[PDB]
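Written below as structure tokens is the structure these notes are about.
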Amino acid sequence: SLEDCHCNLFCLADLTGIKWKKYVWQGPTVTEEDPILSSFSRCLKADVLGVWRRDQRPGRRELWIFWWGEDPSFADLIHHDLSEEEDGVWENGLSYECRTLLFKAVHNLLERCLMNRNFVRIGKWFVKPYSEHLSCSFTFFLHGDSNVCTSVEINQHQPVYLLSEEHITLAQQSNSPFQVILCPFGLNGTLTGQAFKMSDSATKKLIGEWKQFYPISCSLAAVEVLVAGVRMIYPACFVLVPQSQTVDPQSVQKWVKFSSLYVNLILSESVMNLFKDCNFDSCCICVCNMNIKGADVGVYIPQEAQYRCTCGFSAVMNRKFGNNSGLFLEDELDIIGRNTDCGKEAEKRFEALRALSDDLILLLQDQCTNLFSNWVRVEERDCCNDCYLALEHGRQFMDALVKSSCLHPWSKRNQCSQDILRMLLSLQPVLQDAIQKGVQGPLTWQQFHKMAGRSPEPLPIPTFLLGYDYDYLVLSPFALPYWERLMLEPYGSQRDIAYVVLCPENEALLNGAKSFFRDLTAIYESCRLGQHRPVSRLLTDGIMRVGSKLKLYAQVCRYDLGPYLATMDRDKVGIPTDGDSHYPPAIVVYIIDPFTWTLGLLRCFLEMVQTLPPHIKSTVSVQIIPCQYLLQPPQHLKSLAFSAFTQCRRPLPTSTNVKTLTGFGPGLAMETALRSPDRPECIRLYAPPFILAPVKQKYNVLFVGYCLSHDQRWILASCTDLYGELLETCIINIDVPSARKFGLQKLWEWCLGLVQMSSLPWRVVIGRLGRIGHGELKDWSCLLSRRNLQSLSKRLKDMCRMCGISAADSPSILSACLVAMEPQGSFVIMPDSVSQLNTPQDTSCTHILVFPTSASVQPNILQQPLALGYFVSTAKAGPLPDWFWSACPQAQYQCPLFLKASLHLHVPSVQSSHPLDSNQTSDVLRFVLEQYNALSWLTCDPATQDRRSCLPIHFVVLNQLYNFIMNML
Amino acid sequence: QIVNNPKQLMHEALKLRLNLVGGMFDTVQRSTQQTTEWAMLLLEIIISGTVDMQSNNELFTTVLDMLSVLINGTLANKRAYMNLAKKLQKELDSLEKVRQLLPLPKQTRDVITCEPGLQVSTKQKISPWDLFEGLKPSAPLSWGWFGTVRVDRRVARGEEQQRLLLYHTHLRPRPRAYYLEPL
Amino acid sequence: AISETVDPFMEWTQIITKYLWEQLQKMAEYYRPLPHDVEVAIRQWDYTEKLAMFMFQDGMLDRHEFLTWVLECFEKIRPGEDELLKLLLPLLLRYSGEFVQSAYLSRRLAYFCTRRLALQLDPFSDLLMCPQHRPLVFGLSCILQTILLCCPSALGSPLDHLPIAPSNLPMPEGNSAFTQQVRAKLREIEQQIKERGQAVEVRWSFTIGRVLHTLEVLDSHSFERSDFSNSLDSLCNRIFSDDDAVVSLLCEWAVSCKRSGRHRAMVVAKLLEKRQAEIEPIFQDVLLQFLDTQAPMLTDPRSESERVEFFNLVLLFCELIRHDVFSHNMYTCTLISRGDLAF
Ligand SMILES: [Zn+2]
Ligand SMILES: [Zn+2]
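Protein chains in written order, with this note's numbering: chain L, 12 to 980; chain E, 538 to 720; chain B, 4 to 346.
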């Protein structure tokens, strides 16, 4: 379990009893005279929480002061002209604007204290100039009802050296420009070398003004530095100088072959002023005004008059996570902007990514249904576009190059568990002193969970359903590797298989084929999966041979297999015949692939099916095995045997064999109803090796998840039942040169097509693999509205008489739900640090934590995140699409993955106690996440000890389908 | 002092000791059981985490060289080699290099007993020679490890819903090619 | 059950090795003077080896004893019998994974692999023409490469017997990038072990002691008895990093000129003056810059001892020029070119 492992978190303070006041100044449409900066510096020295910012009205700046307990001396810290406009206390409620300002106020004191302990700041990082010398970045969030917390991100960075006299000397003799790191904000500048002396009159005043805001030590004083083509005198205390798994591929290769203060003052109000709650990362259109712009972002991002955005939306952070993540091109362009810059780059990239038959695609999606198978970031451009605003503002006071390399690439240039925790305990005294002038150290999961105000035990492991005898069996998932020893039997009654193999006339490859499939027959029959004997006609062990060369691989492929698929009884004398009394074997065509394209091999299956009688074609499947398996190096056989059995999909019978022998009766009524034209063909019932065991009216829950492909031309969707009984996938074409509302309508029709084929009420939970868009939320709210879901209940009653009498049999919808899954990238847990079995090495664990995540404390769509929940899992996640990890790529490689699940719609009790019908949005998540964990156990490979991949089974197949389309297209 | 605990002053305090035993290795191999006595001393100080890869990459390498010919000194008896191999393993990325010096160990199948919500309790080791399908029951494996329950057969939920659908006659689903068409 | 009235790993491993040992003996003696008994051996060798491989993955027979037998079969291969060896090379590739998990087996394997490669050379271009020797070189080079990459603790060293470095050993064709990456990794790791071996060579343990080594060899006899072996007639006839170590020996006695001896202090000057006597382009350097730093107390001439000892140095400086060790033509042209750029 992870209930005692250490996180990277710190309960900084408690908000009970806090008070705040706001002072506002209005100016015309020198720092000493300015009242905002004179008061901000004065209160900073007294060590009180103070922060200043601008307002929408030009020439309006406001200062906020936070304190605990006794009031400070307000007759001296505030300038004469400043007048207050707000006086609030904690009991009067804390809005989101105050919440986001309090975080920066704490970071203002924290920044000041860190530089007193020989920490130098470079942008978002704090590092110690010359491993126990690691850069740590602080981000804040409010966890629990009132506790304020922080999460420390620790990363490894190349060494950085303070500027000294020796460094300057080599700069003057150097012809090439000298590259150095500038400022707290990591500006990139060239050291001219015109060093200064402290005795000079200019540096007497320049350093004097610097000491007011940043704590500068105390001999070299300042140096002239040229940044982005603009020269400025900058203090020499803040200048910094930088330092400036194969064995398997190789042996496989072998087998193959032989067989200036004004400038930095403005920047602090744009780059570091953004310190917002990390819980609201999963956000969408502003509910107040139905827009993607709101709150105070109207001053940070380049009119319309939004009024009082009470919710927690922040378009500055919306552009960060909504630039390359999986989103509709229609939704993404709204966030960036077509007319403005960077809109053309997205459109140009999308077209450049692009630069066959319908029935080929349908075949492709059938093979992935089974259980077993650059762009400069917009947020980076925002910082570059902030350089021009600050530098031009600073240059005016004194009286493409900037956007390219304004910021030093040091922060973009990149472990162990003991050393990281050494610094985490090292940072506790710094946090302790800053607020006090208590604080809990790196919190364990139990302590983190306990103060959420809501059990830290891992989620229970579900049991499976199998057949040991002719009866069922409720068995643990850890008994799968002993399937043959315990002689268990699966669902579906051991479907029998007859196979044909296509092999070239090479002796080396032919001999291996006979032994491999002879072994496959043994393992298939050793497991109670049925009979794997070849086609009953005996032609040299049921192997068909062939004979640029793909053409030769196709002529015999179609000319031979096409037509092919189109009285003494000594021992029987003793026993009498039993009688007439009262399911054809499935045909699988095994294809060996000499090529180390494949579609060339799949083109047989397209040609064979058309030239076949319908009854034979209804049960015919294709499997492709690479030739390297036979020749070069068993867990492959068990995976292949189970994959072949799961893909059989026994068809539903077309006759009842009643033998009425009379004009009419109940037997005839069933028969004539079975052959009605409206009944679909090729039912193809699905039977897996195992399903989840039941746990104590009748209903069902449909779990559906979807995501767009690498191009926005296709929507890939997958579905599964509550107990994993059904598993189907769909591909929807959206290719227009409106474009997404029609696509979502087709998806909702597909989901409606599945529920209406049953005879019991359903519950629908919709998932999204990536980050939900800002238009998808609008479109889904219209489809999944109360009025709509109720309307189709009545329309169903009109068509069917049977649904009219009994409502318990009509396949109506009782509830709806929309949930989006995305990574967090802020928290990390190291299993190595503790406080009989070692969890990460030999076991998989999963913890959850859900909270209502209200926007403020104390029509169709409400607030953007209704409820949020963390998904901590030790088991590895499969290969996700690249855009999934675009926001926080560092979290991709850590062994315990953090995932975030959010609630968006929650339409409860459409027809008018299940958790999905509770108005508490926290109960809905813990039900959905619990079923997400339970469905993840269906991925346990019988050849493997534990689950192959994390998350629900439907998410896993959808991901397998996405890569299959990506690779072959 | 190190295990209970001037950040890196003790590293050079031991490389001189490494030079001491580097000088007197030839004295150590002269005896027979005295090969082991200072072989085991350095084991307990390495495994404690006194030195890791981040502290001194070369430091770890230096103790290994000594360790190869202490074991090569056993052969040049083979049995003495095993006599200490069992006494070296009886106590137990950095561990990858340590185990490479020892011989290949014997491997046994491990089964994970759930013992029920339904958590996991213990792990059992069974030799791979006891697992054969000739016997009808499970002799080494116990059904109570997995919390097995025998429940009677029932008709599949998916199959039954198809039968009950015959009385409904809802709308006919799309031909599965209606989705892959231009908008 | 009957024996109840023992480790199955050891006994069943012994039977297979003994049974498979008989197959190899049959194959070898029948290739040299197809026979029917070979086919019987070939079928049983093929199948039983596949059975043993499966049981190895199942972990049913002891790995250490089975792997030890494999190397014993690979050390008995007759020299020049590549054919026989070839039908056994795939055993190395199949079991290459578990070889790198021990240092005893890797050391045994590397010494077998390194020696075999040297025999075949007496280079790689001619061998690759032969269809028979094409996979052997790549097979042998690949197993040697993966030993050090994953098991560096197993490498005096086996690489001693190999004249060619593993960095530039022949590599399978196909990818230029991948090959260059692995070559860089291999060469840096090879340097890592090369310096580690040197470090171990000294058992984890400059110019002043060198003369003290040479002081005792002359001190074994009486200094008065001028022996015949001090002359260079015996030394140069039987011989002709000594030049770099002798420049310190001449100068250190020269600065310590308070000890006498002049007519017996020219025989060692005869040794190294002949190498540079045929000049009448490179030039001997860093010589005179060393000496002018060792001049003591130039500021105070009140002490006579600093003068006369320095006066002895000039006489040593005068006599070394006539021995023609410090060249003047290339020194003075630098002095000529010193003032040329100034004008
Ligand atoms: Zn709002
Ligand atoms: Zn109906």
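All C-beta atoms in this analysis are idealised placements derived from N, C-alpha and C, irrespective of residue type, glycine included.
query	result
Unbroken beta strand (DSSP E) runs of length 3 or more, entirely within the region 622–695 of chain E: which are they?	646–650, 659–663
Count the C-beta pairs between the region 928–939 of chain L and the region 847–863 of chain L that are closer than 8 Å, then say yes if the count reaches three, no if not.	yes
Under 8 Å Cβ-Cβ, which residues of chain E neighbour L:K805?	Neighbours of L:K805 on chain E: none; closest Cβ ~14 Å, over 8 Å.
Whose C-alpha, out of L:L719, L:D790, L:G305, L:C856, is nearest the C-alpha of L:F753?	L:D790
So the candidates are L:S846, L:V512, L:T740; which of them puts its Cα closest to the Cα of L:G716?	L:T740
Is there a Cβ of chain L sitting closer than 8 Å to that of E:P719, yes or no?	yes
Could you have a look at L:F862 and say whether DSSP puts it in helix, strand or coil?	strand
If contact means a Cβ-Cβ distance below 9 Å, which residues of the region 635–667 of chain E contact chain L?	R646, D647, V648, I649, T650, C651, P653, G654, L655, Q656, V657, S658, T659, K660
Can you give me the C-alpha to C-alpha distance between L:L610 and L:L910, rounded to a whole angstrom?	36 Å
On the DSSP letters alone, give me the boundaries of the beta strand (DSSP E) that L:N744 sits inside.	738–744
Determine the DSSP secondary structure at L:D604, reduced to helix, strand or coil.	strand
Excluding sequence positions up to five away, which residues of its chain have a Cβ less than 8 Å from the Cβ of L:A463?	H154, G155, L860, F862
In or out: L:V512 buried (at least 16 other Cβ within 10 Å) or exposed?	buried
According to DSSP, what are the bridge partners of L:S729?	L:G716, L:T740
B:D222 lies in the alpha helix (DSSP H); which residues open and close that run?	211–222
Considering only DSSP beta bridges, list what L:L486 is partnered with.	L:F475
Inspect the CB distances between the region 78–87 of chain L and the region 138–152 of chain L and report whether three or more fall short of 8 Å.	no
In whole angstroms, what separates the C-alpha of L:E280 from that of L:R64?	6 Å
Just to make sure I have the definition right: I need the residues of chain B whose C-beta is within less than 9 Å of the C-beta of L:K268. Which are they?	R137, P138, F141, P175, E176, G177
Taking CB distances under 8 Å as the criterion, tell me whether E:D602 reaches chain B.	yes
Considering just the uninterrupted stretch of the alpha helix (DSSP H) at L:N103, what are its terminal residues?	Looking at the DSSP string, L:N103 is not in any alpha helix (DSSP H), and its letter there is neither H nor E.
Residues in the same chain with beta-carbon distance under 8 Å from B:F293, minus the five sequence neighbours each way, listed in chain order, please.	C254
Could you check if residue 993 of chain L belongs to the surroundings of ligand 1, using beta carbon to heavy atom distance under 7 Å?	Shown here, chain L extends from 12 to 980; a query on residue 993 of chain L therefore has no answer.
Take every Cβ of the region 666–675 of chain L, pair it with every Cβ of the region 626–646 of chain L, and state whether three or more of those distances are shorter than 8 Å.	no
Starting from L:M555, trace the beta strand (DSSP E) in both directions and tell me its first and last residue.	554–557
So what does DSSP say about L:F77, is it helix, strand or coil?	strand
Helix, strand or coil: how does DSSP classify L:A463 here?	coil
Can you tell me whether L:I816 is buried or exposed, with buried defined as 16 or more other CB within 10 angstroms of its CB?	exposed
Roughly how many angstroms lie between the CA atoms of B:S251 and B:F329, to the nearest whole one?	14 Å
Just to confirm before moving on: does the CB-CB distance between B:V140 and B:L131 stay below 8 Å?	yes
Starting from E:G681, find everything on chain L with Cβ-Cβ shorter than 8 Å and list it in chain order.	None at all; the shortest Cβ gap to chain L is about 11 Å.
Please name the residue, chosen from B:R228, B:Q135, B:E52, that lies closest to B:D85 on a Cα-to-Cα basis.	B:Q135
Express the C-alpha separation of E:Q566 and B:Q47 in angstroms, rounding to a whole number.	47 Å
If the cut is a Cβ gap below 8 Å, which residues of chain L does E:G695 touch?	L696, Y697, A698, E736, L737
Considering only C-alpha positions, which residue in the set B:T20, B:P126, B:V41 is nearest to B:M30?	B:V41
Would E:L703 and L:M977 be called neighbours here (beta carbons separated by less than 8 Å)?	no
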